[PDB]
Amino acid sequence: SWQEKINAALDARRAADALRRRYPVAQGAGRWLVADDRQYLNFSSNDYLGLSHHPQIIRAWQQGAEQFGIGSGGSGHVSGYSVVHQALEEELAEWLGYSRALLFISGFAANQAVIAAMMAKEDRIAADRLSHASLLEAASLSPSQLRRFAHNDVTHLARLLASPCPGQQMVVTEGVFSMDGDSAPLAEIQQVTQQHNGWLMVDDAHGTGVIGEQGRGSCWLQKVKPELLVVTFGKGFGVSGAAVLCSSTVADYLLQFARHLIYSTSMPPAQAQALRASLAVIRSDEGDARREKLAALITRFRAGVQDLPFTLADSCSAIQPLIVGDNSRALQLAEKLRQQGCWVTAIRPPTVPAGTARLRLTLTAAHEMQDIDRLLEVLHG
(Lines of atoms letter the chains of each structure in order from A and count residues from 1; the text may use other names and numbers.)
(Lines give C-alpha, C1' and ligand atoms only; values in the text may rest on other atoms or scores of the structure.)
Protein backbone atom coordinates (compact mmCIF):
# COMPACT_ATOMS: atom_id res chain seq x y z
CA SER A 1 0.00 0.00 0.00
CA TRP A 2 0.97 3.67 -0.25
CA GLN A 3 1.07 4.13 3.53
CA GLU A 4 3.36 1.11 3.92
CA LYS A 5 5.79 2.52 1.35
CA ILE A 6 5.78 5.92 3.07
CA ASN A 7 6.24 4.49 6.56
CA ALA A 8 9.05 2.21 5.37
CA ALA A 9 10.92 5.11 3.77
CA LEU A 10 10.51 7.34 6.83
CA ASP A 11 11.67 4.52 9.10
CA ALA A 12 14.73 4.01 6.90
CA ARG A 13 15.54 7.71 7.15
CA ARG A 14 14.89 7.78 10.90
CA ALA A 15 17.22 4.81 11.40
CA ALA A 16 20.08 6.73 9.74
CA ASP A 17 19.28 9.78 11.92
CA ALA A 18 18.44 11.78 8.79
CA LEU A 19 14.95 12.81 10.00
CA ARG A 20 15.77 16.50 9.69
CA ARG A 21 13.11 19.03 10.72
CA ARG A 22 12.71 22.67 9.73
CA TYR A 23 13.33 25.33 12.36
CA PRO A 24 11.20 28.49 11.97
CA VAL A 25 12.97 31.84 12.21
CA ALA A 26 11.75 35.42 12.51
CA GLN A 27 14.76 36.68 10.52
CA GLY A 28 16.89 34.46 8.31
CA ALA A 29 18.46 36.66 5.64
CA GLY A 30 21.35 39.08 6.01
CA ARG A 31 23.56 39.82 9.00
CA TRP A 32 21.26 38.61 11.80
CA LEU A 33 19.19 35.51 12.49
CA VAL A 34 16.32 35.59 14.98
CA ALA A 35 15.23 32.19 16.31
CA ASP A 36 12.74 31.96 19.18
CA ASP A 37 13.55 35.20 21.03
CA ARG A 38 17.33 35.02 20.57
CA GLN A 39 19.49 36.97 18.12
CA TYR A 40 22.43 35.29 16.37
CA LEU A 41 25.07 36.19 13.82
CA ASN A 42 23.80 34.72 10.55
CA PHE A 43 26.33 32.50 8.74
CA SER A 44 23.83 30.27 6.91
CA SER A 45 22.05 32.64 4.51
CA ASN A 46 22.62 33.08 0.77
CA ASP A 47 22.14 36.87 0.95
CA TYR A 48 25.73 37.30 -0.22
CA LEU A 49 25.44 41.08 -0.69
CA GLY A 50 22.98 41.92 2.10
CA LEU A 51 20.51 43.24 -0.48
CA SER A 52 17.57 41.37 1.09
CA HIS A 53 17.19 44.36 3.44
CA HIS A 54 18.24 47.12 1.04
CA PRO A 55 15.84 50.09 1.36
CA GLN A 56 15.74 50.75 -2.39
CA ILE A 57 14.76 47.16 -3.19
CA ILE A 58 12.12 47.23 -0.45
CA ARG A 59 10.73 50.51 -1.79
CA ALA A 60 10.46 49.09 -5.31
CA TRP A 61 8.74 45.99 -3.90
CA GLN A 62 6.19 48.35 -2.31
CA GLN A 63 5.72 50.86 -5.14
CA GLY A 64 5.32 47.98 -7.58
CA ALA A 65 2.39 46.73 -5.52
CA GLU A 66 0.85 50.21 -5.48
CA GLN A 67 1.25 50.54 -9.27
CA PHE A 68 0.41 47.06 -10.60
CA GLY A 69 -1.29 45.29 -7.71
CA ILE A 70 0.06 41.92 -6.64
CA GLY A 71 -0.66 39.01 -8.95
CA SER A 72 -0.06 39.25 -12.69
CA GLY A 73 -3.30 37.43 -13.52
CA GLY A 74 -1.93 34.72 -15.80
CA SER A 75 1.04 33.48 -17.78
CA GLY A 76 3.24 35.44 -20.16
CA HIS A 77 1.45 33.88 -23.14
CA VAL A 78 -1.81 35.62 -22.17
CA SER A 79 -2.05 38.84 -20.13
CA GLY A 80 0.73 38.08 -17.63
CA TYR A 81 3.59 39.75 -19.54
CA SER A 82 3.89 43.08 -17.76
CA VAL A 83 5.98 45.95 -19.08
CA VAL A 84 8.04 45.38 -15.93
CA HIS A 85 8.80 41.82 -17.03
CA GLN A 86 9.88 43.14 -20.43
CA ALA A 87 11.95 45.94 -18.89
CA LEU A 88 13.68 43.52 -16.52
CA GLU A 89 14.38 41.05 -19.34
CA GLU A 90 15.92 43.78 -21.49
CA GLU A 91 18.03 45.12 -18.62
CA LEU A 92 19.33 41.63 -17.83
CA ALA A 93 20.15 40.93 -21.48
CA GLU A 94 22.04 44.22 -21.80
CA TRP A 95 23.75 43.64 -18.44
CA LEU A 96 25.09 40.15 -19.22
CA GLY A 97 25.70 40.88 -22.91
CA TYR A 98 23.04 38.60 -24.42
CA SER A 99 20.35 39.25 -26.99
CA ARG A 100 17.39 38.04 -24.93
CA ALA A 101 16.41 37.10 -21.38
CA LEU A 102 13.49 34.97 -20.19
CA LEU A 103 12.13 35.24 -16.66
CA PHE A 104 11.32 32.21 -14.52
CA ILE A 105 9.72 31.84 -11.11
CA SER A 106 12.76 29.97 -9.74
CA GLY A 107 16.09 28.46 -10.71
CA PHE A 108 14.46 25.03 -10.70
CA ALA A 109 11.92 26.26 -13.25
CA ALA A 110 14.63 27.71 -15.49
CA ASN A 111 16.81 24.58 -15.46
CA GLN A 112 13.86 22.19 -15.86
CA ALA A 113 12.36 24.18 -18.73
CA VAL A 114 15.60 24.54 -20.71
CA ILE A 115 16.56 20.87 -20.40
CA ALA A 116 13.03 19.63 -21.12
CA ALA A 117 12.55 21.81 -24.21
CA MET A 118 16.03 21.35 -25.72
CA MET A 119 17.13 17.77 -24.96
CA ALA A 120 15.57 14.95 -27.00
CA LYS A 121 15.88 11.18 -26.66
CA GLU A 122 18.83 11.00 -29.09
CA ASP A 123 20.72 13.79 -27.29
CA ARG A 124 23.34 13.65 -24.53
CA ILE A 125 23.93 15.75 -21.40
CA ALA A 126 27.52 16.06 -20.15
CA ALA A 127 26.99 17.29 -16.59
CA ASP A 128 29.56 17.96 -13.90
CA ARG A 129 29.39 15.37 -11.12
CA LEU A 130 29.03 18.07 -8.44
CA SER A 131 26.23 19.91 -10.26
CA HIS A 132 23.51 21.24 -7.97
CA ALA A 133 20.24 19.36 -7.61
CA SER A 134 18.36 22.01 -9.61
CA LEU A 135 20.31 20.85 -12.69
CA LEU A 136 20.99 17.16 -12.03
CA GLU A 137 17.34 16.33 -11.30
CA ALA A 138 16.23 18.01 -14.53
CA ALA A 139 18.93 16.20 -16.50
CA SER A 140 17.96 12.87 -14.94
CA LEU A 141 14.25 13.34 -15.68
CA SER A 142 15.09 14.20 -19.30
CA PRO A 143 14.76 11.38 -21.86
CA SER A 144 18.28 12.23 -23.08
CA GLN A 145 21.39 10.36 -21.96
CA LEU A 146 23.00 11.74 -18.80
CA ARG A 147 26.80 11.43 -18.68
CA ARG A 148 28.55 12.74 -15.56
CA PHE A 149 32.22 13.68 -15.83
CA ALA A 150 34.71 14.23 -13.02
CA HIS A 151 34.61 17.57 -11.23
CA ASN A 152 36.34 20.22 -13.37
CA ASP A 153 38.00 17.47 -15.43
CA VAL A 154 38.34 18.86 -18.95
CA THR A 155 40.16 15.70 -20.05
CA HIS A 156 37.30 13.43 -18.99
CA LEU A 157 34.84 15.88 -20.57
CA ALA A 158 36.79 15.71 -23.84
CA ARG A 159 36.73 11.90 -23.84
CA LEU A 160 33.03 12.10 -22.95
CA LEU A 161 32.19 14.36 -25.90
CA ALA A 162 34.36 12.30 -28.27
CA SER A 163 32.11 9.27 -27.74
CA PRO A 164 29.63 8.62 -30.58
CA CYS A 165 26.28 10.35 -30.14
CA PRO A 166 23.25 9.98 -32.46
CA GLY A 167 22.18 13.58 -31.76
CA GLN A 168 23.47 16.84 -30.32
CA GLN A 169 25.47 17.25 -27.11
CA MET A 170 24.88 19.72 -24.27
CA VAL A 171 27.48 20.43 -21.58
CA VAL A 172 26.09 21.86 -18.34
CA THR A 173 28.05 23.12 -15.32
CA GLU A 174 28.10 25.91 -12.73
CA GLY A 175 29.99 29.18 -12.55
CA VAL A 176 30.43 28.96 -8.77
CA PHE A 177 29.73 25.49 -7.42
CA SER A 178 27.44 25.41 -4.40
CA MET A 179 29.12 22.72 -2.29
CA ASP A 180 32.72 23.97 -2.01
CA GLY A 181 32.30 27.46 -3.50
CA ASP A 182 34.96 26.72 -6.12
CA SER A 183 34.87 28.06 -9.66
CA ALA A 184 34.95 26.09 -12.90
CA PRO A 185 37.48 26.34 -15.78
CA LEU A 186 34.93 27.75 -18.21
CA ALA A 187 37.56 28.67 -20.81
CA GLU A 188 38.87 25.12 -21.26
CA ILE A 189 35.33 23.70 -21.05
CA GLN A 190 34.08 26.03 -23.79
CA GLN A 191 37.03 25.15 -26.04
CA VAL A 192 36.55 21.38 -25.86
CA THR A 193 32.77 21.84 -26.13
CA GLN A 194 33.16 23.93 -29.29
CA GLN A 195 35.59 21.39 -30.78
CA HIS A 196 32.91 18.67 -30.58
CA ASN A 197 30.05 20.81 -31.97
CA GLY A 198 28.20 21.03 -28.66
CA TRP A 199 26.57 23.83 -26.70
CA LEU A 200 27.37 25.03 -23.19
CA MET A 201 24.92 25.76 -20.37
CA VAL A 202 26.13 27.50 -17.20
CA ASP A 203 24.13 27.93 -14.00
CA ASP A 204 25.67 30.93 -12.23
CA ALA A 205 23.44 30.98 -9.14
CA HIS A 206 26.15 31.59 -6.53
CA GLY A 207 28.22 33.93 -8.70
CA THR A 208 25.69 36.30 -10.24
CA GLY A 209 26.02 39.80 -8.80
CA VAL A 210 28.90 38.76 -6.52
CA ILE A 211 31.90 38.65 -8.87
CA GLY A 212 32.99 40.41 -12.05
CA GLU A 213 32.72 43.90 -13.45
CA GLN A 214 29.31 45.22 -12.36
CA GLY A 215 28.87 41.76 -10.82
CA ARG A 216 28.18 40.14 -14.18
CA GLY A 217 29.28 36.78 -12.78
CA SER A 218 31.63 33.91 -13.49
CA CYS A 219 31.23 33.72 -17.28
CA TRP A 220 32.05 37.41 -17.74
CA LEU A 221 34.97 37.14 -15.31
CA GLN A 222 36.47 34.33 -17.43
CA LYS A 223 35.62 36.03 -20.77
CA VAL A 224 33.29 33.20 -21.83
CA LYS A 225 29.79 33.56 -23.30
CA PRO A 226 28.01 30.19 -23.15
CA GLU A 227 25.08 29.47 -25.45
CA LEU A 228 22.79 29.26 -22.40
CA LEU A 229 23.28 31.19 -19.16
CA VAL A 230 21.01 30.65 -16.15
CA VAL A 231 21.14 33.16 -13.29
CA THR A 232 19.00 32.92 -10.15
CA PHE A 233 17.96 35.81 -7.92
CA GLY A 234 17.56 34.11 -4.53
CA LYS A 235 21.20 34.62 -3.50
CA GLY A 236 23.15 37.77 -4.33
CA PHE A 237 20.07 39.56 -5.65
CA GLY A 238 18.32 39.13 -2.29
CA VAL A 239 14.93 38.42 -3.86
CA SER A 240 13.73 35.33 -5.77
CA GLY A 241 13.29 34.01 -9.29
CA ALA A 242 15.63 33.27 -12.18
CA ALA A 243 16.35 34.18 -15.79
CA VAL A 244 17.75 32.39 -18.85
CA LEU A 245 20.10 34.38 -21.10
CA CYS A 246 20.27 33.27 -24.73
CA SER A 247 20.01 34.45 -28.34
CA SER A 248 16.88 35.54 -30.20
CA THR A 249 16.41 32.22 -32.00
CA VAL A 250 16.92 30.22 -28.80
CA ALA A 251 14.57 32.55 -26.92
CA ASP A 252 11.88 32.11 -29.58
CA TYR A 253 12.45 28.34 -29.44
CA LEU A 254 11.94 28.34 -25.67
CA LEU A 255 8.97 30.71 -25.92
CA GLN A 256 7.36 28.22 -28.33
CA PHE A 257 8.17 24.87 -26.69
CA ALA A 258 8.73 25.39 -22.93
CA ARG A 259 5.47 24.74 -21.09
CA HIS A 260 6.77 26.66 -18.05
CA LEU A 261 6.70 29.98 -19.92
CA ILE A 262 3.41 29.12 -21.64
CA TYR A 263 1.23 28.01 -18.71
CA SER A 264 2.89 28.87 -15.39
CA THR A 265 1.73 32.16 -13.90
CA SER A 266 4.36 34.87 -14.31
CA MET A 267 5.84 36.45 -11.20
CA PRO A 268 4.07 39.48 -9.68
CA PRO A 269 5.10 42.71 -11.42
CA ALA A 270 6.10 44.10 -8.02
CA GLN A 271 8.64 41.28 -7.64
CA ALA A 272 10.09 42.23 -11.03
CA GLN A 273 10.31 45.85 -9.87
CA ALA A 274 12.31 44.67 -6.86
CA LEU A 275 14.54 42.67 -9.22
CA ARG A 276 15.06 45.77 -11.37
CA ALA A 277 16.07 47.81 -8.32
CA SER A 278 18.31 45.02 -7.03
CA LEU A 279 20.05 44.89 -10.41
CA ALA A 280 20.47 48.67 -10.30
CA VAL A 281 22.16 48.51 -6.89
CA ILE A 282 24.37 45.66 -8.11
CA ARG A 283 25.63 47.69 -11.08
CA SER A 284 26.12 50.91 -9.08
CA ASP A 285 29.09 52.13 -7.04
CA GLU A 286 27.41 50.57 -4.01
CA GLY A 287 27.49 47.22 -5.81
CA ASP A 288 31.25 47.58 -6.20
CA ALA A 289 31.60 48.57 -2.53
CA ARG A 290 29.57 45.57 -1.34
CA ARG A 291 31.59 43.19 -3.51
CA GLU A 292 34.89 44.64 -2.27
CA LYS A 293 33.63 44.50 1.32
CA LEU A 294 32.64 40.85 0.91
CA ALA A 295 36.09 40.00 -0.47
CA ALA A 296 37.75 41.72 2.49
CA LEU A 297 35.60 39.71 4.90
CA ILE A 298 36.53 36.49 3.08
CA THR A 299 40.26 37.22 3.24
CA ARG A 300 39.87 38.21 6.90
CA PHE A 301 38.18 34.90 7.76
CA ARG A 302 40.65 32.78 5.77
CA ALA A 303 43.62 34.51 7.42
CA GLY A 304 42.05 34.07 10.86
CA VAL A 305 41.48 30.31 10.58
CA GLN A 306 45.15 29.84 9.71
CA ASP A 307 45.98 28.73 13.26
CA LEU A 308 43.22 26.16 13.78
CA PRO A 309 43.69 22.55 12.60
CA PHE A 310 40.68 22.89 10.29
CA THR A 311 41.23 23.20 6.54
CA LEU A 312 39.57 25.59 4.11
CA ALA A 313 38.59 25.04 0.46
CA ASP A 314 39.61 26.37 -2.94
CA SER A 315 36.93 29.06 -2.69
CA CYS A 316 37.23 32.81 -3.23
CA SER A 317 33.44 33.21 -3.04
CA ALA A 318 31.04 33.85 -0.17
CA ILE A 319 30.80 30.08 0.39
CA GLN A 320 33.60 29.22 2.85
CA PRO A 321 33.30 25.65 4.16
CA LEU A 322 35.29 24.69 7.26
CA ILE A 323 36.47 21.08 7.07
CA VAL A 324 36.48 19.31 10.44
CA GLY A 325 36.66 15.63 9.51
CA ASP A 326 34.15 13.94 11.82
CA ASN A 327 30.39 14.04 12.31
CA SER A 328 30.53 14.31 16.10
CA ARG A 329 33.22 17.00 16.17
CA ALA A 330 31.44 19.02 13.47
CA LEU A 331 28.02 18.83 15.13
CA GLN A 332 29.53 19.71 18.51
CA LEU A 333 31.40 22.69 17.06
CA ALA A 334 28.20 23.85 15.35
CA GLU A 335 26.24 23.74 18.61
CA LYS A 336 29.08 25.45 20.48
CA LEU A 337 29.03 28.24 17.88
CA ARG A 338 25.24 28.52 18.12
CA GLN A 339 25.38 28.82 21.91
CA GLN A 340 27.95 31.61 21.47
CA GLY A 341 25.69 33.53 19.07
CA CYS A 342 27.04 32.36 15.69
CA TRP A 343 24.40 30.47 13.70
CA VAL A 344 26.33 27.81 11.77
CA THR A 345 25.07 24.66 10.04
CA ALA A 346 27.06 21.42 9.86
CA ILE A 347 27.07 19.05 6.87
CA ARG A 348 27.63 15.32 7.41
CA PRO A 349 29.02 12.66 5.03
CA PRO A 350 25.44 11.39 4.48
CA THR A 351 25.39 14.21 1.90
CA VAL A 352 29.08 14.95 1.13
CA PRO A 353 32.27 12.87 0.70
CA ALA A 354 33.12 10.85 3.80
CA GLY A 355 35.70 12.11 6.27
CA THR A 356 34.99 15.69 5.15
CA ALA A 357 32.29 16.65 7.65
CA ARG A 358 32.27 20.42 7.27
CA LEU A 359 30.60 23.59 8.52
CA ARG A 360 28.65 25.37 5.78
CA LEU A 361 29.69 29.00 6.32
CA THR A 362 28.53 31.90 4.16
CA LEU A 363 29.70 35.50 4.43
CA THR A 364 27.61 38.53 3.48
CA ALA A 365 28.35 42.20 2.90
CA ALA A 366 25.80 42.90 5.65
CA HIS A 367 28.35 41.55 8.13
CA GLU A 368 30.94 43.74 9.85
CA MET A 369 34.57 43.11 10.76
CA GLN A 370 33.53 42.66 14.40
CA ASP A 371 31.22 39.82 13.30
CA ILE A 372 34.00 37.88 11.56
CA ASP A 373 36.28 38.63 14.52
CA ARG A 374 33.60 37.24 16.84
CA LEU A 375 33.31 34.11 14.68
CA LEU A 376 37.09 33.66 14.80
CA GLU A 377 37.12 34.22 18.57
CA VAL A 378 34.50 31.51 19.14
CA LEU A 379 36.47 29.16 16.89
CA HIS A 380 39.62 29.88 18.93
CA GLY A 381 37.85 29.92 22.31
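The first residue of the sequence shown is number 1, and the count goes up from there.
Visitor: Per the record, averaged over C-alpha atoms, which has the higher B-factor: 119 to 127 or 74 to 82?
Guide: On average, C-alpha B-factors are higher across 119 to 127.
Visitor: Would you mind comparing 187 to 195 and 262 to 270 for me and telling me which has the higher average C-alpha temperature factor in the entry?
Guide: It is 187 to 195.
Visitor: Which is it among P55, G69, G30, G355: the one with the largest CA B-factor in the entry?
Guide: Max CA B-factor in the entry, restricted to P55, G69, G30, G355: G355.
Visitor: Specify which of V172, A138, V230, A87 carries the largest Cα B factor in the deposited PDB entry.
Guide: Of the candidates given, the C-alpha B-factor peaks at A138.
Visitor: Taking the C-alpha B-factors as the PDB entry records them, is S278 in the lowest, middle or highest third of its chain?
Guide: As the PDB entry reports it, the C-alpha B-factor of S278 lands in the lowest third of its chain.
Visitor: With respect to C-alpha B-factor, does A158 fall in the lowest, middle or highest third of the chain as deposited?
Guide: Highest third, going by the recorded CA B-factors of the chain.
Visitor: Taking the entry's C-alpha B-factors for this chain, is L51 in the lowest, middle or highest third?
Guide: Ranked within chain, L51 CA B lands in the lowest tercile.
Visitor: Once the chain's modelled residues are ordered by C-alpha B factor and cut into thirds, is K223 in the lowest, middle or highest one?
Guide: Tercile = middle for this residue's CA B-factor.
Visitor: Classify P143 as lowest, middle or highest third according to the C-alpha B-factor given in the PDB entry, relative to its own chain.
Guide: Top third by C-alpha B-factor.
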